[PDB]
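Protein chains in written order, with PDB author numbering: chain AE, 13 to 168; chain AD, 4 to 203; chain AQ, 5 to 86; chain AH, 2 to 131; chain AL, 2 to 137; chain AP, 2 to 87.
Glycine residues also receive a C-beta, built at the ideal position from the N, C-alpha and C atoms.
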Amino acid sequence: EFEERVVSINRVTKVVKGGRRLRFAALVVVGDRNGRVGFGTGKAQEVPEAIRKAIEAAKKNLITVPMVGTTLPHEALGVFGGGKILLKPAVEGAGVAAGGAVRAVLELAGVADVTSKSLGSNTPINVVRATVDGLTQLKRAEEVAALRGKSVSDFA
Amino acid sequence: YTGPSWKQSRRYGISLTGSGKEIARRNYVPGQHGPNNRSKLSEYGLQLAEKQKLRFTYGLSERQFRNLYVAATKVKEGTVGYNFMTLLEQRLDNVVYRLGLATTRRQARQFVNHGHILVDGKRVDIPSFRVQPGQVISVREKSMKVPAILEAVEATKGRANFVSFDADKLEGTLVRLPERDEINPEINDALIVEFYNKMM
Amino acid sequence: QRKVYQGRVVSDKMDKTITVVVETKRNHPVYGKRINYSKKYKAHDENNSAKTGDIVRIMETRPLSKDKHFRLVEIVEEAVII
Amino acid sequence: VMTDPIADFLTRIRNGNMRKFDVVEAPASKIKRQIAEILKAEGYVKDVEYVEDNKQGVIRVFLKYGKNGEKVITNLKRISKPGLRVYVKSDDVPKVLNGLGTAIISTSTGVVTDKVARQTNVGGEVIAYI
Amino acid sequence: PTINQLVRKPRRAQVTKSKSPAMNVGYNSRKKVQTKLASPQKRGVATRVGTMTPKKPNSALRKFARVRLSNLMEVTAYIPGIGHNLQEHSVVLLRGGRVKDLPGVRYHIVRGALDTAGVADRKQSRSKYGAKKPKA
Amino acid sequence: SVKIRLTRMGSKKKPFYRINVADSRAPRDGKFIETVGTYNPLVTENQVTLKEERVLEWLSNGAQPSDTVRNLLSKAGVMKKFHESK
RNA sequence: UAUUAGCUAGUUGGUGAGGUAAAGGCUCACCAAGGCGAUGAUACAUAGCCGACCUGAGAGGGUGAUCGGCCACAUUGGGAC
RNA sequence: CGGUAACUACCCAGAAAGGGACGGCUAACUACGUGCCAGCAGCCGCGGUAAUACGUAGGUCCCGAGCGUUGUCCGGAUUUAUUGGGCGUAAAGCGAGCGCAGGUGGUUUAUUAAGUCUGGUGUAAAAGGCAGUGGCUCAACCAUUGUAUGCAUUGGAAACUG
């Protein structure tokens with residue numbers, strides 16, 4: 013059980029010998045608005061079958077961004093082919109300033125505001141991967157106090 | 004101007020405190036699609052839904068709304084939404100409406116707009132007069148004996164926060180200002196500000 | 005009398021006039037680096053003491069005549085031909 | 002070529018930490034001694050040593066890791082390229098990574114740090130962030 | 002991208018084409034290559050509504066007016082709507098409009114003009130093609 | 002050569018002058034030198050910005066005030082200061 | 001616009017004189033031949049310019065309307081008190 | 001501008017709201033002649049029998065004394081990518097060499113402060129922004145008041161480059 017968002021039902025095909033098999037696919041994003049976001053994919057024939065597979069894949073690859081008070085650690089980037097999403101912390105709490113396929117992301121991660129356009133492509137299957145990468149580039153202030161080796165008073 | 008509320012009353016089921024009345028049965032849009040089924044919305048649909056409930060519930064126009072709403076988008080103090088929804092009470096018909104005297108804000112806008120209530124030496128022809136706190140609202144006795152006012156507005160009732168309620172003279176004084184701590188419909192700067200103010 | 009410039013002459017042949025190269029590095033707003041640029045200033049010779057390598061300095065004064073805007077009076081830098 | 006031992010050296014640090022290995026190399030200057038000096042003081046390497054008699058003396062430097070040879074330095078770069086000696090002001094020297102990054106600038110006094118470069122009104126050449 | 006290369010380089014562009022080659026309309030003094038102060042119309046003239054063959058597989062037949070153009074350009078632009086009242090030597094307004102299904106066009110014609118009548122209560126705006134709000 | 006005048010600056014029925022030292026050649030709405038003070042006679046009322054210094058500079062140089070400007074200087078005592086220099 | 005290459009004859013220096021509010025081929029006389037330019041000179045198109053102003057988060061793009069400044073003009077062209 | 005805005009007696013709800021849009025493309029579909037017909041359209045498009053495309057009524061979706069349409073421009077467009085590109089195949093490395101300018105600079109000693117940072121100096125008369133004030137009410141915006149600026153020139157810095 014997670015807080016749910018549905019990206020889109022995809023359009024794919026299987027080309028059988030004597031015709032055209034209707035293949036069906038989908039892509040959702042889940043999570044409980046705290047920093048934890050997953051995403052699912054339905055490779056099936058029908059819509060609730062892709063909900064079944066959407067939670068089969070949405071149940072995993074669901075990790076936590078170090079949410080420093082409904083904000084971002086700092087400005088990060090996500091590159092995975094044409095998903096090129098640079099995310100910017102700015103003034104927060106005054107308008108969920110995001111693209112369509114990432115406004116659900118800081119919904120399900122709980123950021124107050126972001127400043128996130130995208131470059132490359134608006135292809136959603138690279139948007140979600142660049143979004144995972146945009147969370148992945150983040151070191152945090154407890155590590156710059158800790159992993160860097162000195163409790164630096166920029167955060168202290 | 005002065006349009007009905009099949010949208011507020013029917014496409015939300017809630018005519019909120021620009022009127023306040025929960026409407027009766029048959030909450031669809033009737034005529035056609037009254038006995039018929041529902042619909043759905045999106046993030047556009049609730050940008051849409053929130054701007055029309057907060058805007059069209061009250062009695063505001065969109066010219067005055069978005070112009071004075073960029074003028075509510077002035078400062079950059081972090082969350083500006085306090086400066087947005089704080090300027091929901093600063094219209095005078097809302098002030099009397101939170102004195103509880105008028106049934107709707109449209110009633111105080113009517114019979115305050117007529118030049119009945121003379122708020123400090125001016126024949127009042129704007130009930131969206133921008134209200135400053137700690138000031139009195141002078142009310143004319145002719146207005147106090149208007150039989151529509153004697154029927155509803157002088158027909159007294161309860162009273163909200165943030166003012167002083169002169170039940171004897173039907174007056175008020177803005178003590179503090181209401182806010183997100185005070186008033187709470189589903190007000191979202193993403194929905195209204197990211198529907199209007201350079202959609203973002 | 006007032007101002008100053010500096011650089012090698014192109015033509016050390018003329019009479020009561022001689023030019024100057026300019027080094028001035030001034031900005032390109034896109035690129036950011038201040039780029040060399042060579043303005044030319046043909047003006048005074050005292051005795052036509054013209055040499056390859058030296059540098060005369062200007063005077064913000066009356067212009068001499070046509071095209072001779074300063075009075076290149078003082079040869080502050082003096083080099084030797086090779 | 003030899004014309005940028007600064008970003009050659011920082012790029013080499015990215016070889017050392019991105020290849021997750023012990024020691025990087027640098028010929029003998031004073032500026033690189035201030036590089037490993039300031040950034041060792043900010044906790045990023047673990048040695049300050051060079052070849053004892055050479056004007057190209059190899060500043061061989063053990064690094065300051067995380068917990069399993071883990072990286073501390075990620076976005077290592079020279080700011081001012083050799084084609085551009087970056088000449089910024091002193092009064093609004095900008096933040097780096099919203100404070101989560103280093104800054105090192107040859108000001109008129111010396112080559113000083115981020116906020117010491119900010120509020121002392123000293124300004125010079127921007128060198129390197131993380 | 003060297004030092005001199007990135008200084009030689011401008012922010013240049015080459016795709017620059019407004020969709021209205023226009024001598025609109027106009028100020029007929031002597032020479033009339035006066036350009037460009039374009040209208041969304043023409044206070045000019047055209048001659049005759051002709052019939053245009055649409056694309057594949059668009060089995061239809063659409064009405065283009067033989068557009069007079071003093072600047073050596075198309076004798077065509079599209080007449081919208083069912084029917085038309087105009088004829089030769091009629092001043093013809095000039096919509097800036099394009100239809101992919103209509104070949105060889107650049108412009109359309111403003112129907113719903115000073116020379117146009119129609120039938121109102123249209124489910125799109127009630128008033129184009131020569132109509133009004135119905136005075137009963 | 003040198004004058005001191007007003008400046009018409011206002012509404013259809015709410016004008017607002019602004020005193021500017023000027024010349025005989027000076028456009029009273031266009032080209033100027035530098036304005037000294039902003040004026041409004043009968044609202045609300047006798048409203049003026051005064052500094053009483055650059056009028057002494059341009060009377061050391063010698064200027065020409067206007068009607069209510071000169072009478073404003075008689076309402077400023079600097080003409081009695083010309084009795085003082087006298 | 002270099003599918004805008006070689007360009008320049010008072011041209012560029014010097015002396016004298018006339019002028020001017022004044023140095024000044026500013027002119028003109030005389031005597032000298034330079035000089036510019038392939039890191040754009042000339043020739044052609046096009047342009048009143050600036051503060052400013054619309055849009056873009058800004059970077060900027062774009063405009064010069066109306067306002068203010070400068071410049072230029074007064075059917076056309078040219079003189080001169 | 002003049003019995004000028006304002007004000008009393010306020011008359012009757014009586015004199016005083018319409019425009020665009022509905023296949024999506026972004027929210028607003030069924031009666032509905034049709035029958036690839038006539039037409040609609042920025043893109044995908046449509047219409048060949050019940051078309052939320054069209055003509056068509058009702059319901060709706062957004063606005064207002066303005067709606068919508070094209071004519072121009074900016075953005076998105078990072079679609080010349082300094083900020084903020086790519087070059088193996090998708091557009092691309094000259095057909096390869098020189099050694100002209102021009103570009104870039106192994107280390108170090110010291111000077112220099114040229115550039116680089118600091119202080120004084122110029123800065124739009126203005127008008128304009130960031131604020132405030134009053135006001136045609138409060139509106140909008142005007143009037144005001146400051147603030148905010150390579151507009152400049154001049155002392156210091158040897159840490160970098162020259």
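- Per DSSP, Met-53 (chain AL) is one residue of the beta strand (DSSP E) stretching across 47-53.
- Nearest CB-CB separation between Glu-71 (chain AH) and chain AE: below the 8 Å threshold.
- Under the Cβ criterion (8 Å, minimum of three pairs), the region 111-119 of chain AD does not count as touching the region 187-196 of chain AD.
- For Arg-126 (chain AD), the CB contacts under 7 Å within the same chain, skipping 5 residues up- and downstream, are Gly-118 in chain order.
- Interface with chain AE (8 Å Cβ-Cβ cutoff): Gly-17 (chain AH) is excluded.
- A distance below 7 Å between beta-carbons, with the five flanking residues on each side excluded, links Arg-44 (chain AL) to the following residues of its chain, in chain order: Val-26, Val-92.
- Residue environment: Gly-93 (chain AE) is assigned as exposed (fewer than 16 neighbouring CB atoms within 10 Å of its CB, all protein chains considered).
- Below the 8 Å Cβ cutoff, chain AH contributes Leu-101 as neighbours of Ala-153 (chain AE), in chain order.
- Unbroken alpha helix (DSSP H) stretches of 4 residues or longer found wholly inside the region 83-138 of chain AE: 112-121, given in chain order.
- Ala-142 (chain AE) sits close to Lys-96 (chain AE), with the two beta carbons spaced by under 8 Å.
- Look at the region 34-63 of chain AQ: the residues with a C-beta under 9 Å from a C-beta of chain AL are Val-34, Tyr-35, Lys-37, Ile-39.
- Three or more beta-carbon pairs separated by less than 8 Å are not found between the region 25-35 of chain AD and the region 150-166 of chain AE, which leaves the two stretches without contact.
- Judged by DSSP secondary structure, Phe-65 (chain AL) falls within the beta strand (DSSP E) whose first and last residues are 63-68.
- If you ignore the 5 residues before and after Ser-42 (chain AQ), its C-beta comes within less than 6 Å of the C-beta of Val-25, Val-26, all in its own chain and listed in chain order.
- For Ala-116 (chain AE) against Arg-17 (chain AE), the beta-carbon gap comes to about 4 Å, under 8 Å, which counts as contact.
- Residue contact with chain AE for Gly-84 (chain AD): present (Cβ-Cβ distance below 8 Å to some residue of chain AE).
- The beta-carbon of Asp-171 (chain AD) is placed no less than 8 Å from the nearest beta-carbon of chain AE.
- Check the Cα spacing between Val-83 (chain AD) and each of AE:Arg-64, AE:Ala-69, AE:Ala-124, AE:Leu-74: the tightest is with AE:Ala-124.
- By the rule that beta-carbons nearer than 8 Å mark a contact, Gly-146 (chain AE) does not touch chain AD.
- Proximity of chain AD to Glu-15 (chain AE) at the Cβ level (cut-off 7 Å) is not reached, the minimal Cβ distance being about 15 Å.
- For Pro-85 (chain AE), the chain AH residues whose C-beta falls within less than 9 Å of its own C-beta are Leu-98, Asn-99, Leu-101, listed in chain order.
- Secondary structure note for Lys-4 (chain AP): its beta strand (DSSP E) is the uninterrupted segment 3-6.
- In the same chain as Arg-14 (chain AD), and ignoring 5 residues on each side of it, the C-beta atoms closer than 7 Å to its own belong to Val-32, in chain order.
- The Cβ of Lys-56 (chain AH) sits no closer than 8 Å to any Cβ of chain AE.
- DSSP lists AQ:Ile-59 as the bridge partner or partners of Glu-81 (chain AQ).
- For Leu-85 (chain AH), the nearest CB of chain AQ lies under 8 Å from its own CB, placing it at the interface with that chain.
- Between the region 74-83 of chain AQ and the region 107-115 of chain AH, the count of C-beta pairs closer than 8 Å stays below three; the two stretches do not touch.
- For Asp-5 (chain AH), same chain residues with a beta-carbon under 6 Å away, outside a window of 5 residues either side, are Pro-83 in chain order.
- Among the residues of chain AE, those whose CB is under 7 Å from the CB of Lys-65 (chain AH) are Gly-161, following chain order.
- Taking 8 Å as the threshold, the shortest C-beta distance from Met-203 (chain AD) to chain AE falls below it.
- DSSP, reduced to helix, strand and coil, places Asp-192 (chain AD) within a helical segment of the structure shown.
- Straight-line measurement puts the Cα of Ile-7 (chain AH) at about 52 Å from the Cα of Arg-66 (chain AQ).
- Around the beta-carbon of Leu-38 (chain AL), fewer than 16 other beta-carbon atoms lie within 10 Å, marking it exposed.
- A direct Cα-to-Cα measurement between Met-203 (chain AD) and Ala-64 (chain AP) gives close to 58 Å.
- For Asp-166 (chain AE), the C-beta contacts it makes with chain AH under 8 Å involve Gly-100, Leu-101, in order along the chain.
- Counting C-beta pairs closer than 8 Å gives three or more between the region 37-47 of chain AH and the region 62-72 of chain AH, which meets the contact rule.
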